[PDB]
Structure formats: structure tokens, C-alpha cells
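Only one structure is covered here, and it is reproduced in the block below.
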Amino acid sequence: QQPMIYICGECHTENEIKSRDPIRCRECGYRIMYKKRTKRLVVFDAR
Amino acid sequence: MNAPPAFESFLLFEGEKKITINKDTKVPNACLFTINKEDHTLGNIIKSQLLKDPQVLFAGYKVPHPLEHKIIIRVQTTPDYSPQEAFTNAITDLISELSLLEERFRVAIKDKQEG
Amino acid sequence: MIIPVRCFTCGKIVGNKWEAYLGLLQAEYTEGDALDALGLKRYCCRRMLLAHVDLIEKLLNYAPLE
Amino acid sequence: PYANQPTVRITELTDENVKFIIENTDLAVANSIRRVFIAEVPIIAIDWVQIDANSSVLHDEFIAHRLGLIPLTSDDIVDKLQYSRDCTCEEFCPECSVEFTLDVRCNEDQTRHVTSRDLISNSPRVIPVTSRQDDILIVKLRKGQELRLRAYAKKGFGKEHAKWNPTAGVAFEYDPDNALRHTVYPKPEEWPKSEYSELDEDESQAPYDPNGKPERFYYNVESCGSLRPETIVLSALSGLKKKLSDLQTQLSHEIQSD
Amino acid sequence: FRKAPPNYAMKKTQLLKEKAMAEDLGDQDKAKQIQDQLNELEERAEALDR
Amino acid sequence: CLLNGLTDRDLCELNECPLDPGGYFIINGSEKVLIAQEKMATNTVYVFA
Ligand SMILES: [Zn+2]
Ligand SMILES: [Zn+2]
Ligand SMILES: [Zn+2]
Numbered sequence: 012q013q014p015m016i017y018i019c020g021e022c023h024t025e026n027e028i029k030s031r032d033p034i035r036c037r038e039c040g041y042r043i044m045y046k047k048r049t050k051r052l053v054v055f056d057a058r
Numbered sequence: 001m002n003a004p005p006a007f008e009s010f011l012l013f014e015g016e017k018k019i020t021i022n023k024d025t026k027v028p029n030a031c032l033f034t035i036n037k038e039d040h041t042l043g044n045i046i047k048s049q050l051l052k053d054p055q056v057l058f059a060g061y062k063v064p065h066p067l068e069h070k071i072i073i074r075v076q077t078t079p080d081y082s083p084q085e086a087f088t089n090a091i092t093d094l095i096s097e098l099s100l101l102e103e104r105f106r107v108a109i110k111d112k113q114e115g
Numbered sequence: 001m002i003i004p005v006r007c008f009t010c011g012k013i014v015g016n017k018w019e020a021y022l023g024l025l026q027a028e029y030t031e032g033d034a035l036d037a038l039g040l041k042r043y044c045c046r047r048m049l050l051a052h053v054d055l056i057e058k059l060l061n062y063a064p065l066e
Numbered sequence: 002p003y004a005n006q007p008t009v010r011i012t013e014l015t016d017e018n019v020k021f022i023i024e025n026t027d028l029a030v031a032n033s034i035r036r037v038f039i040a041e042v043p044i045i046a047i048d049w050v051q052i053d054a055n056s057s058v059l060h061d062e063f064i065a066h067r068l069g070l071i072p073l074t075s076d077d078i079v080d081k082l083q084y085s086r087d088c089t090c091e092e093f094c095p096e097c098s099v100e101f102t103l104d105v106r107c108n109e110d111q112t113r114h115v116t117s118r119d120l121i122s123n124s125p126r127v128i129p130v131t132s133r145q146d147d148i149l150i151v152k153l154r155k156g157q158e159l160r161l162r163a164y165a166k167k168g169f170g171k172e173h174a175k176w177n178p179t180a181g182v183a184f185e186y187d188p189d190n191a192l193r194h195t196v197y198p199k200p201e202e203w204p205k206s207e208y209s210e211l212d213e214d215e216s217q218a219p220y221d222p223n224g225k226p227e228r229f230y231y232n233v234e235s236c237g238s239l240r241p242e243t244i245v246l247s248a249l250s251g252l253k254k255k256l257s258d259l260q261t262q263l264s265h266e267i268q269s270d
Numbered sequence: 502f503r504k505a506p507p508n509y510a511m512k513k514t515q516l517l518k519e520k521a522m523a524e525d526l527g528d529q530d531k532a533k534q535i536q537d538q539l540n541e542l543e544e545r546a547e548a549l550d551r
Numbered sequence: 161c162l163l164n165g166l167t168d169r170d171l172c173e174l175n176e177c178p179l180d181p182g183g184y185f186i187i188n189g190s191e192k193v194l195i196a197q198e199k200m201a202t203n204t205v206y207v208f209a
């Protein structure tokens, strides 16, 4: 049950965007938004 | 992308021998010792120790190639003193010397602290 | 962009000396004196504090939120 | 046809560096002990960083890289731990590693300075250098950013990577007067006298000496702060002794097999 | 209901206010826009100093 | 332009840096710059051989 949460461009507010939907912030309304970091096991070696 | 890992310089790989003896044919009583996963650290001191020994006619090491982790030590003794025992004696005395140096250094420190 | 953690050539920890170096420069000291006041003898480790540029400030100006 | 009886004399012992002298020993032994100081000295250091949430302005790998370079006091723990490669268990067991956690989040308006003091270690003795002088600056966070991660430390030596390099800089120097001529000065008068020079201010360099061997090696090992300098020397001596012992055993087995 | 200045639209809001003031030929509207712009600039300066 | 005589504060808030020299167009989201061409000065008499 993952609605593919996004991060607004300037508001820096989360949004719930699903397929076949416009790409806009829930408030104000902007056309830019980035994704959120994965949940995978991001493991680096301090080398 | 092809950079080798850092552990290949000292850690042995499965099947590789740490030390290999190979008798030479050009002159009597001459062997080449081949050491895997080592550097100048463990070859230079042995070279010097072999030089100290008078019965050793020739002694010298080399690094075939810097990117390769391998060294070759050539030893040639008098006919009545096989190079194997020369190597063993060199290492044994070198270990004794380092142990003595450690003991002296430790006593010197413990005396230096409030003394 | 940020003070390194160790001197490239020497290896002496220098990361923990940027704030101190700035404070010493600010109060009254001059660079040539502040550097040896911090204890940086070798000239190899001094280039860390003299040449280092502090861009992390400009980076922090672009606050993501608020 | 045997070894020699070297002598040692410390001139300056502090908690930051040691200056000593070795006499009656060969150059090869001196330089080898040096290279062991720099390269083959066991020490603890961060080697496995798992980043969970990093909203700082630096890269993800920048944090891990920096954390790799923060020294960790290993006065009595390095000798006890075992190399992770040779451990006989899965995951970083505490018997063979030391775990670290960092969780900082800039809430107030003033910019944070995430310093090494935020590295909350599980073990008491394995901590960055802050016991007794600011702390190593890691990264700067601004209101709203955060940095959550945990990293494990493991035993290594400088040869594998620099992070395991306890000594800041080894000052090795012998025969301060150029008595053995190992270097030829085009204009000896132009050069400044060495710190260890016994030669007066009139003469430039000692007269040649044919039957002269290098002795009196001057050392100035300088600990980065992880280990105490005398501890560095003792560990290097022990490590070299162990390497020779292993080599002797291998050679013995090889000869016996033949 | 959500007030405008919050949080990253300070510069965009200032530009919008300046544009509206320039477009509006009225004196009272011009004065109100100038006052609002000055207040926004002062608040931004205070936040930066903090 | 929208950054005519604007303070570094607003530039930083607009994800821009005060150091950017500017003077370059943005077409299709690419920075295009006009190279200054050169030619012979007009309305001047030259006598070549
Ligand atoms: Zn929107
Ligand atoms: Zn340096
Ligand atoms: Zn384990």
C-alpha cells in the first residue's frame, strides 16, 4: 500500500501522488518535486 | 574499476605458498627463496643479516614488479654451509635482536617515567 | 568544502583545529603566530589551515526548508 | 655470524610524541622498524558505515569517508580484538568490532556542528579523542536537516588503508654530520646544521670516515592520538617479531616437506 | 488561511509584491505594497541573522 | 531579468549563487552564450595591394 510519496519543491512538504495524476504540491501549487530516499540497506565502507 | 582490493598485498590467497625454495643451477650452493605477499620490510633486514654472516658469499633481494606482491631472495654460501641453515640462522638471530631491543626499550621507558 | 580530517602528507589530525584557528585569528593573533600556537610545526600541515577554503557556509545558505 | 646488541635511550617522552635513539644497529633494521611504525601497526578505526537518513549538504560517501579518518583510542583494545576477516562469526560481533551510533538533527535556528563527540560508542574505552582542544568537525547541519547512521569499527593496519595509520609523522635521521658522505653537498657551508649535530659552528660537516658504519639512529615518532607513542613502538616491535616468527615457521615446514 | 511568508517563498513573495506595487498606479495600494515589502524584507533579515 | 540588482539573500533563496556572472540565455534549459564575432570596420577606406 505505497502511494509513492513525493517531496514538494519549495514547500518541502510531503505529497501523495499516484499514477495518472497531475504533479503538483498539495498547497501553493508548484510543478517541481523530488523523491524521497530509498529504504534499502545503504551501506558504505569508510574507505 | 580494476583497482585491486587492499587486502591482496598481505593476505595469502588460497593455494599460494608463503615461502618457496628453488635451488639454482648456475653455481653450486645457491638457492632462490620466493616470498609471497611481502615487501621490502621483510626482505631488507634479512638481506642485511645475511651480509653480516661471513660464510655467505652472495646475498640480495629484489621486487620483480611493484604491482606484484612478491620478492625473490638469492643466497649463496660456501659449499660446507647450505643456504637453508643460513636463512634460518639469520632469522633466528634477527628475532633475538628485536626481542632484546624491545626489552631494552621497555625498561628505558619505565625508567624514564619518574626516573 | 569542509576542513579535511587529516593532513594529506603528514597525517596529523587537523580537522579539529579550524574553529580554534579562526578564533585565534579573530582575537588578535596573526596567521604565522596562530599556526604555531595551535602546534603545527611541519609546513606540510600548515597549508591545511592557510589554503583551505570554507564553502560549506555558502552551501548552508541554501536551506532546504525554512 | 650473529646479531648485535642494540641500545636505546629516550630523550623526550610526552603523551604526544617520543624522541629516542637507537645505537649499534644496522640501517636496514632501523628503516624497517620505521616502515612498520607507519604501515604495520594494529589500530581500531571506523570501517563499515550504514547510513539511514542523511539530509546534510555533503554526499552520502563524504560522511563515511570522514568518519573513516576519526582516530579512536585503542590503548588496550586492539590487542584483544581479532581481525574481522579471521572472526568465526557472522555480522560484526562485539568480540571482533566496536559499534558506533550517530543521530543528530538541527532543530534550533543556529547551525549545528556535528562533532566527533556525537559518536556514541557502545564500549567505554573505544571512543574518539575527546577524553582530555575541540573535537573533530564532521559536518554542519542547518535547521531541518538530520544525519542518522551507525557504523562499526574493526582492527586494521596502515598498509591496507591510511585510516589505520597511527603515526602522524616519523622523523628518521642518522649520522647528522654527513660523516659517511651518503650525501654530497655541492656547497656544505650553505646548509643548516642538523638538530642532532654535535659539530661546532665553524666547521661545516665532519671529516670523511672510511671505516664507518651507520649507527645512532634518531627517531621522533609522533602519535596521531590513537595510541601512545611508546605503545606504537612496542606494538611495531611485537608485530615485526611475529612476522619473522611466522616466516621462520613457514620456511621450516617447507624444508621439512622437501 | 495559511499565511504566505512560510517558508521558502520569501523571495518569490517579495517579487510578487514589488510587481503588484509597480503595476498598481494607486497611491494607497502602492504605499501598502511598499510597506508589506519592507516588512517582509525586515523579517527575512531577522531570520537570517538568527 | 528577475535578478536585476537583487541582494545575495534573495539569490540564495532562489537556488542561485551571487557569484554566477550571468550574461547567458536559457533555451530549452541549456545555457547558451553568444560568441563575439569580429569583422572589418565599416565606413572606413582600406587600400590593399
Ligand atoms: Zn502544489
Ligand atoms: Zn602537514
Ligand atoms: Zn565476531
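Residue numbers (the entry's author numbering), protein chains in the order written: chain L, 12 to 58; chain K, 1 to 115; chain J, 1 to 66; chain C, 2 to 133, 145 to 270; chain R, 502 to 551; chain B, 161 to 209. Quick reminder that beta carbons are idealized off the backbone N, C-alpha and C, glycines included.
Across the stretch 48–66 of chain J, CB contacts with chain C closer than 7 Å involve 56, 59, 60, 63, 64, 65 and 66, in sequence order along the chain. Ordered along the chain, residues surrounding ligand 2 are J:7, J:9, J:10, J:42, J:44 and J:45 [Cβ under 6 Å from any heavy atom].
Boundaries for residue 36 of chain K: no alpha helix (DSSP H) harbours it, while the beta strand (DSSP E) harbouring it runs 30–36, taken from the DSSP string.
Residue 73 of chain K and residue 61 of chain K have their alpha carbons spaced roughly 4 Å apart. Among the CB atoms of chain C, none fall inside 8 Å of the CB of residue 3 of chain K.
Contact between residue 12 of chain J and residue 97 of chain C does not hold, since the beta-carbon distance rounds to 29 Å and is not under 8 Å. In this structure, residue 508 of chain R sits near residue 66 of chain J, with a CB-CB distance shorter than 8 Å. Every alpha helix (DSSP H) of 4 residues or more that sits fully in the stretch 36–65 of chain K is shown, in chain order, as 40–52. For residue 540 of chain R, the secondary structure class from DSSP, reduced to helix, strand or coil, is helix. Contact between residue 19 of chain K and residue 262 of chain C holds, with the beta-carbon distance rounding to 5 Å and staying under 8 Å. Within the stretch 215–262 of chain C, the complete beta strand (DSSP E) segments of 3 residues or longer fall at 229–231, listed in chain order. Residue nearest to residue 95 of chain K within the set C:267, C:266, C:265 and C:259 is C:259 (criterion: CA-CA distance). Counting every other CB atom within 10 Å of its CB across the protein chains shown gives residue 66 of chain C a total of 16 or more, marking it as buried. Going by DSSP, residue 23 of chain L is part of no beta strand (DSSP E) at all; its letter is neither H nor E. Ranking C:111, C:198, C:55 and C:102 by CA distance to the CA of residue 53 of chain L puts C:55 first. Per the Cβ contact rule, the stretch 172–189 of chain B is not in contact with the stretch 529–536 of chain R (fewer than 3 Cβ pairs under 8 Å). Annotation for residue 5 of chain C: 25, 26 and 27 place their beta carbon closer than 8 Å to its own, counting only its chain and skipping 5 residues before and after.
When DSSP states are grouped into helix, strand and coil, residue 91 of chain C belongs to the coil group. DSSP, reduced to helix, strand and coil, places residue 108 of chain C outside both helices and strands of the structure shown, so it counts as coil.
The beta-bridge partner set that DSSP reports for residue 165 of chain C consists of C:47 and C:99.
Sequence-distant Cβ neighbours of residue 48 of chain J in its own chain, meaning closer than 6 Å and more than five residues away, are 7 and 14. Residue 26 of chain J sits in a helix when the DSSP states are folded into three classes. C-alpha of residue 54 of chain K to C-alpha of residue 180 of chain C: approximately 39 Å in a straight line. Non-local beta-carbon contacts of residue 19 of chain C in its own chain, meaning distances under 6 Å to residues more than five positions away in sequence, involve 233, 241 and 242 in chain order. In terms of side-chain proximity, the C-beta atom of residue 37 of chain L is found nearer than 7 Å to a non-hydrogen atom of ligand 1. Annotation: residue 177 of chain B to residue 168 of chain B spans about 7 Å, alpha carbon to alpha carbon. Secondary structure at residue 3 of chain K: coil, using DSSP grouped into helix, strand and coil.
Of C:93, C:185, C:72 and C:109, the smallest CA-CA separation from residue 35 of chain C is found for C:185. Under the 8 Å criterion on CB atoms, residue 540 of chain R is classed as non-interfacial with respect to chain J. Partner residues in the beta bridge of residue 114 of chain C, as assigned by DSSP, are C:152. By the CB criterion at 8 Å, residue 203 of chain C and residue 44 of chain C fall outside the cutoff.
According to the DSSP secondary-structure assignment, residue 5 of chain C is paired through a beta bridge with no residue. Proximity of the beta carbon of residue 509 of chain R to ligand 1 is not indicated: no heavy atom of the ligand is located closer than 7 Å.
Chain-ordered listing is empty here: chain B has no CB closer than 9 Å to the CB of residue 517 of chain R, the nearest sitting near 11 Å. Under the Cβ criterion of 8 Å, residue 112 of chain C is counted among the residues facing chain J. Burial is judged here by how many other beta carbons sit within 10 angstroms of a residue's own beta carbon; residue 43 of chain L has fewer than 16 and is exposed.
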